[PDB]
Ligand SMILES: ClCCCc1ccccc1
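Okay, here we've got a single chain as structure tokens, the form deposited without the named molecule, with questions on binding and movement later.
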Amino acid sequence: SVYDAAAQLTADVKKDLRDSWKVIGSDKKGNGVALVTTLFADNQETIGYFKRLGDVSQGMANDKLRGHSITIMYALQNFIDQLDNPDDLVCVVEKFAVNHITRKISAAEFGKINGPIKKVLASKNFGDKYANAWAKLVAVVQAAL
């Protein structure tokens, strides 16, 4: 269950999540767009899903892409703030899961975000230990898909 996945997040994992989010979450516009473009660069097959955003190759200049990229960072901000209360983390994770379920996004496809996250973390010098911590949070969402 999603609760099980959430309830597993240990004190050390939560610590790494909060320490790395203090940095990458400080520039939501910058790192948010970096996340989305990297996803398109390494997984060109997902571009078709984001047709509402228009030409995603425009990057920062694309207002729709910029608005979306900033908003997803607040979805992560939401997750980070709910880490100590699994009950609240589960209800928010399931809300966002519906957003993707409706778009036919499987657990496997959603996990494609791990690659980009790893690179963004690395751009700020946060190593594998942190990428693994984030993979665990992403897994909570996958438990709902």
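In this text, residue numbers run from 1 along the sequence as written.
The deposited model assigns a higher average Cα B-factor to 23-31 than to the other stretch when 72-80 and 23-31 are compared. Per the PDB record, of the two stretches 50-58 and 111-119, 50-58 carries the greater mean B-factor over its C-alpha atoms.
Of the residues listed, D63, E45, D88, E94, the entry assigns the biggest Cα temperature factor to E94. Compared with the other modelled residues of the chain, the Cα B-factor recorded for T102 ranks in the highest third. Per the deposited record, the Cα B-factor of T10 falls in the highest third when ranked against the other modelled residues of its chain. Compared with the other modelled residues of the chain, the Cα B-factor recorded for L145 ranks in the highest third.
Just so you know, the form deposited with the named molecule bound exists too; it's not on screen, but the next bit is about it.
For a residue to qualify, one of its non-hydrogen atoms must sit within 4.5 Å of the named molecule in the entry with it bound; none of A6, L9 and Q82 qualifies. Contact annotation for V120: at least one heavy atom lies within 4.5 Å of the named molecule in the entry with it bound. For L35, a non-hydrogen atom is located within 4.5 Å of the named molecule in the entry with it bound, even though that partner is not displayed.
Interface membership of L76, defined by any non-hydrogen atom within 4.5 Å of the named molecule in the entry with it bound, is confirmed. Shown without its partner, the chain has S20, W21, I24 in segment 1-29 as residues with a non-hydrogen atom within 4.5 angstroms of the named molecule in the entry with it bound.
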